[PDB]
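We count ligands from 1, going down the list as the structure has it; atoms in each ligand are counted the same way. In what follows, every heavy atom counts, from backbone to side chain, and hydrogens, waters and symmetry copies are set aside. So that the names make sense, note that chain A is the first sequence line, chain B the second, and so on, each numbered from 1.
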Amino acid sequence: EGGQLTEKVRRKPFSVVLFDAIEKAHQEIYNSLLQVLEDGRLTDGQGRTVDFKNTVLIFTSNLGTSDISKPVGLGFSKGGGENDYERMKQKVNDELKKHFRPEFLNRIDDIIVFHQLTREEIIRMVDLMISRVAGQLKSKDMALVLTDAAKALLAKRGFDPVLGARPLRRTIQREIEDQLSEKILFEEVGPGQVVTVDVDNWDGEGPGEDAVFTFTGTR
Amino acid sequence: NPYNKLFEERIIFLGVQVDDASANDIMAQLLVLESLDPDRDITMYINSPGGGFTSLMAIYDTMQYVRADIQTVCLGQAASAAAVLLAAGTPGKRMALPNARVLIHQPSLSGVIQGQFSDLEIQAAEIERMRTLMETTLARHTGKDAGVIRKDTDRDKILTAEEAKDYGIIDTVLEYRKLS
Amino acid sequence: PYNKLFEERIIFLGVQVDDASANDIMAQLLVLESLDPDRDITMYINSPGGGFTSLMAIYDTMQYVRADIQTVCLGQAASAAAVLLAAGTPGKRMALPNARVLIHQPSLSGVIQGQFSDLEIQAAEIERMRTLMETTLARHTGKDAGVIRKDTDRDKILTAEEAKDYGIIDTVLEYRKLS
Amino acid sequence: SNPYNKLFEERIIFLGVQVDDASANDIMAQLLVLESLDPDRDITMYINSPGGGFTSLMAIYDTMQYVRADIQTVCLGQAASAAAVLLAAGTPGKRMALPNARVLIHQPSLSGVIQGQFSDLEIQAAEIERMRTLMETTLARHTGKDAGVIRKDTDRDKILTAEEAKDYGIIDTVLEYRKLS
Amino acid sequence: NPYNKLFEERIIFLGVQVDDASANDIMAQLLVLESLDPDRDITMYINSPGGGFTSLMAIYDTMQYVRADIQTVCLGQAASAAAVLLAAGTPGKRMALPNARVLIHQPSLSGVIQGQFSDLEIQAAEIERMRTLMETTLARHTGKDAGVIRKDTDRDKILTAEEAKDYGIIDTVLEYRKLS
Amino acid sequence: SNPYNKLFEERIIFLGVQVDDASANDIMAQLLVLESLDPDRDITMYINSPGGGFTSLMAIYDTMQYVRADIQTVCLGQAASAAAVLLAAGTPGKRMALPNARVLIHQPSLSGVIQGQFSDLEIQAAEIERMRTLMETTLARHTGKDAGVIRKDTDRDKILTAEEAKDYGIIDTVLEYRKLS
Amino acid sequence: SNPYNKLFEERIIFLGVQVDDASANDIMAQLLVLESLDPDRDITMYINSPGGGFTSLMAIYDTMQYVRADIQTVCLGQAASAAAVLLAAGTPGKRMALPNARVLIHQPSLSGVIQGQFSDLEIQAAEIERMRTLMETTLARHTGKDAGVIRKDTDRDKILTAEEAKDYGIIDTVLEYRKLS
Ligand SMILES: CC(C)C[C@H](NC(=O)[C@H](Cc1ccccc1)NC(=O)c1cnccn1)B(O)O
Ligand SMILES: CC(C)C[C@H](NC(=O)[C@H](Cc1ccccc1)NC(=O)c1cnccn1)B(O)O
Ligand SMILES: CC(C)C[C@H](NC(=O)[C@H](Cc1ccccc1)NC(=O)c1cnccn1)B(O)O
Ligand SMILES: CC(C)C[C@H](NC(=O)[C@H](Cc1ccccc1)NC(=O)c1cnccn1)B(O)O
Ligand SMILES: CC(C)C[C@H](NC(=O)[C@H](Cc1ccccc1)NC(=O)c1cnccn1)B(O)O
Ligand SMILES: CC(C)C[C@H](NC(=O)[C@H](Cc1ccccc1)NC(=O)c1cnccn1)B(O)O
């Protein structure tokens, strides 16, 4: 066997190769991948050079945020909201230079430090994650409407400014799905139209942690 | 050290005369504990005789700057600057032990500073700026009117902990966990 | 040898009660509360006392902790240290047989100057310090505070056998070997 | 590790004490090490100093101007005499101060009397005017003032609150608290 | 240290002026060696000029408290407070080197203590209580009658080791292991 | 590690303090260790000293002339008396100074009065003229002056700015900042 | 490791300070350890001392004469009385000095007045003449002089330059620099 990476790229030369959690590799596995970046070569153990010249090599790192994420920085400083992203970029790009040899980072075409998800983007993540839930209820002869007051309540309770959209995935799981999964098993919301309106309405503003979703099916 | 065990559980410790040496230590301690846990409360133990106004406002601004709420605890004495730092904790916090001695009084000059009357007009405009700032600071932390603070800190105002709670310096007098 | 004493939960007063010594003992009392809150802290007292806010810093902390405080007077408990000696738990508070317990009213070390309005307050405080020293030494000795005021009018040196009769200590500590 | 070592690990030098030959030599050692560690990441300078010392000032001043790292000066409770010049000596767009910091600018002095012949004292006075003019020239290109305004203002002790040291040009922003408390 | 090797072989070491610093060290040393071996004898080396009565009776009571017998050894000097600690060892023990200088004398006040005559009536009733206790302590350890101790410690009574054995301060004058 | 230890690891000795018997003995120990580590790599000498001491001067002076490593002297805020001679004592093509450094050259003095018979004082004065002539001879082959010019200039305190200590020959270049700031 | 520890590792004892009971006891401990480490490899002695102390002199003197290792004395900036005797006390064919070292020989003195009866002072003067004669006898078999020449020359302070301490016999060679600089 020629290795997991060298075969999958030799079968599909035009690929996107994701090296997920790249800082969790040993530091001597980057040195195998140095000439993948610069020459498009990775000669396998059998000796066949594999073409990486048509791949999109994506490395994914949490370096410089596997801690700095926590708000506030050691000491005094101006601004927050867009200077904590410049604090993010300086922290991340220094953790990359600390962790990687400078000839690895020299060979990367673009290092993109990612933004924390803003409150307006977590609202649009709700549209994207209910669509996974509603897409599963299509297979059950159901539909899932999610009212716009219920989009806002998921968006507040799912917004962590330092994790983003994975806490929202938990809130949609805890509040929509885990409540909707028993309603399917009660057969109280079988093949119909689950509307999911908010009730306490959380006044649409302020905290809404006394508010609750209600699931009713019609048609 | 036992102090290192206190700092590991996020307790800064004033302890000594508030001067440039002591203020610089506490600000270093406040910012490290902000960096370790910015959401977990820093506790501040105060057994200080006070003194020093810029050393006060160095500690004061830093414990107001940090994201962590400051739980000030007066041990035996919170005199002068120490009493302003005692009121400088978070509301719903600011304990004091039942026989603590809170002492508020107006700023002074330790010893005479000489000079021309134009030099002394400025050293007196500063000691009134220091006095007004000490009364403005001790007004939004005690709920008083600053003019009441000026009338009360006209002399030494020694407060027992039970009447530093009525004054607004502290919020609760700290009950003992065992009677003993 | 002090670290071996602190490992077996013995804080050690030893020196002049001041802001340096009170801050050490309060750090020692709270660490031993965190290590074992149910096992008794022992306090060895060989101090000449002094300092009232340093007294009431140590006093409140040894009253605050959940661990009962076993005070032991070594050779001397004077001024602030005799109040800390009485500040231990009842059924505890030992003293060695030739210990010297010295209770007396608070003083000002040296003269503090000022206007008579400044000195009216420094005297209302030294009477508040005196009344607090007599109130503290009344619920720990069982006396009536007015008896404490009449007795601490001057230096009242107590032998350990008559500091037990006074209520400062509860037992005079018998030797384990005759020698 | 000391809490100061944790500050220096996150690239915060700390003035703290009286600016003298001992304190200036420490800060210059701290400024050059942090230039060697990261020359592109900003050194932060915390200032709680009563100042004093002009050659110790200009030793710290030239070093924090020499290093490639931008200096973020932060006044803690006090920047007096030489320390207020070091506070203005930070990078523009930086130079914070806490809201109750006390910036004190005044002309150079001689601590105590220095004796000598009048030819010796003509030179010790030409130097204290060279020290004065340099202190006003330095505090002019960092505050945007005209040196003659600095000379009229540092004629006596000029105590600046942080909100009016920002209007003076000593600092650029008064440092808002992260929590209200 | 060479002192640590002595303490490892259970030798506490007086050495210095008996004060609050020195008494607190020796009591810490006496109790650790009681905890290590309560049945093996603690040896006490005394080269002290004495001084301090409550520091004396702090050391005295502790070396009487511990279960381990105390072997006191006078090195060059046991002068008041330290001569009482020298007699405070166990009978059948209490050595002294042949040119040791045992000095017993009544308690004194180092310097004048001022006060009202009611204050000084008590500071004198205490220095007589200190004197009587010093003579009572040095009577059950020397076999004398306290009144003989009072007549002998009226002034400085310097004892050679050969006549501190006749006095009852020590029990044997310590013979050299090599003649040299 | 101290920040001074990081400087010494990169071969920077540091004068810093009053040139006395304690400070001269440290620097000579530092100069000889760095000669033994790399005899061909340049020792850098940072000078923020008020000077003083002539035999402590000539102890440092002879050692930094003895070692095979070229000495790069850098004046930080001050090179006074014994320290300005050590500043000129670096290698030609070297001897930097920061732009607001204060080079102070003056003739040797006696700190306080030394008593004695006039035969004792004839010798303590023949020595202070031997110290003066040696200070002017040393500061002549390192500045290119004629010693008699050094004697006329160090008659009093001659404070040199770094830009005019370069014209004097004390230093060879005024040290440009790496960042404008 | 200190820079002094690196010098002592390469068998360089270091006088450095005022010759007193503290400094003599250190050097004798250093001389005997280096005799025990290598008795055949030369101990080097660096001397920057102002001297003082005659029994502290003769404690160092006898120990550096006792050890089997030859002593290479090197004068750094100063060898005053006591230290100049220790400088001459090195081995012949050794005893360097740096070119601007200041060798100062003079007769023993009493620092301050010692009181007493005239029978007490007859003995304190017979001792200071025994100290003087011993200082001149010691400095005669190490310089090749006649002691009476040493007595006439150390009548007052005799400051020797290193080039004329070689002509005097205190040192044997004036130490050439390894780099010109
Ligand atoms: C909180 C206020 C009342 C401060 C109190 N103490 C002061 O006023 C202190 C005492 C002091 C210390 C040094 C020099 C002059 C004066 N005031 C100052 O710090 C001070 C400093 N410079 C000028 C004017 N006042 B207190 O003792 O902390
Ligand atoms: C148990 C109580 C009485 C403690 C007593 N302590 C005192 O008398 C001490 C003596 C002292 C020390 C420093 C400055 C002024 C006075 N009292 C005080 O601590 C004190 C402090 N400030 C004002 C008034 N008294 B002890 O001496 O009897
Ligand atoms: C920002 C500038 C003005 C720094 C000022 N520093 C001084 O006034 C200090 C005070 C001082 C210290 C020691 C010896 C003599 C004088 N000025 C000097 O450092 C100094 C040193 N030598 C000659 C003249 N001035 B500060 O006090 O305003
Ligand atoms: C065995 C007895 C006599 C001890 C002797 N020591 C003393 O006399 C010492 C000398 C002294 C020391 C401090 C303050 C006042 C007096 N006595 C005391 O310790 C003392 C202390 N307070 C009141 C009265 N005496 B002896 O000189 O060592
Ligand atoms: C050394 C040259 C550069 C000129 C200056 N030297 C001095 O003034 C110093 C000041 C001083 C120090 C100690 C004892 C007496 C005098 N001169 C000497 O080092 C000195 C030492 N012994 C005798 C004569 N002069 B400068 O360093 O202060
Ligand atoms: C001449 C040589 C031997 C040394 C020179 N002078 C001495 O001999 C020294 C000078 C001195 C130093 C300190 C204290 C008292 C006296 N002589 C003595 O040490 C000395 C000691 N006791 C009695 C008499 N002279 B020089 O000062 O070291």
Side-chain angles (χ1 to χ4, degrees), chain B residues 17-19 48-57 60 79-85 103-111 113 123 126-127 129-131 133-135 137-138 153, chain C residues 48 76 100 157, chain D residues 50 77-78 80 102 104 159, chain E residues 17-19 48-57 60 78-85 103-111 113 123 126-127 130-131 133-135 137-138 153 156, chain G residues 18-20 49-58 61 80-86 104-112 114 124 127-128 131-132 134-136 138-139 154:
Chain B
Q17 181 75 41
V18 181
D19 55 355
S48 177
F53 189 80
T54 59
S55 301
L56 162 61
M57 293 299 167
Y60 172 73
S80 202
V84 179
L85 296 176
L103 197 154
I104 53 173
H105 68 287
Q106 58 189 353
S108 297
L109 288 177
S110 65
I113 52 172
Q123 295 294 320
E126 173 58 21
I127 202 67
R129 180 257 181 190
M130 288 182 180
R131 185 184 182 184
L133 186 61
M134 178 265 174
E135 295 164 357
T137 297
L138 202 63
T153 62
Chain C
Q76 188 182 4
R100 194 267 294 273
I157 289 95
Chain D
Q78 188 182 4
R102 194 267 294 273
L104 197 154
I159 289 95
Chain E
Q17 181 75 41
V18 181
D19 55 355
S48 177
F53 189 80
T54 59
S55 301
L56 162 61
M57 293 299 167
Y60 172 73
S80 174
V84 179
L85 296 176
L103 197 154
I104 53 173
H105 68 287
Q106 58 189 353
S108 297
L109 288 177
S110 65
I113 53 172
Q123 295 294 320
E126 172 58 21
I127 202 67
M130 288 182 180
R131 185 184 182 183
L133 186 61
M134 178 265 174
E135 294 164 357
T137 297
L138 202 63
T153 62
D156 289 331
Chain G
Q18 181 75 41
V19 181
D20 55 355
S49 177
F54 189 80
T55 59
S56 301
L57 162 61
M58 293 299 167
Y61 172 73
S81 64
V85 179
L86 296 176
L104 197 154
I105 53 173
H106 68 287
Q107 58 189 353
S109 297
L110 288 177
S111 65
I114 53 172
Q124 295 294 320
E127 172 58 21
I128 202 67
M131 288 182 180
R132 185 184 182 184
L134 186 61
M135 178 265 174
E136 294 164 357
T138 297
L139 202 63
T154 62

Any side-chain heavy-atom pair of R131(B) and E135(B) under 4.5 Å: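 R131(B) reaches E135(B) side chain to side chain.
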Heavy-atom closest pair, residues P50(D) and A80(D):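 Heavy atoms only, the tightest pair is O-CB, 3.4 Å.
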Least distance between heavy atoms, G51(B) atom then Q17(B) atom: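 Nearest pair, atom of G51(B) first, then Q17(B): CA-NE2, 3.4 Å.
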Those protein residues which place at least one heavy atom below 4.0 Å from ligand 6: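 Answer by chain and number: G51(G), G52(G), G53(G), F54(G), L57(G), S81(G), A82(G), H106(G), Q107(G), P108(G), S109(G), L110(G), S111(G), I128(G), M131(G), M135(G).
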Under the side chain to side chain contact (heavy atoms under 4.5 Å, CB included) test, residues paired with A78(E) that sit two or more places apart: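 For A78(E) the side chain to side chain contact (heavy atoms under 4.5 Å, CB included) partners, ignoring immediate neighbours, are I46(E), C74(E), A82(E), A83(E), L86(E).
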Which residues share a side chain to side chain contact (heavy atoms under 4.5 Å, CB included) with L134(G), sequence neighbours left out: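 Only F54(G), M58(G), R130(G), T138(G) meet the side chain to side chain contact (heavy atoms under 4.5 Å, CB included) criterion with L134(G).
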Partner residues of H105(E) under the side-chain hydrogen bond (donor to acceptor under 3.5 Å, both in side chains) criterion, sequence neighbours left out: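 Counting only residues at least two positions away or on another chain, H105(E) forms no side-chain hydrogen bond (donor to acceptor under 3.5 Å, both in side chains).
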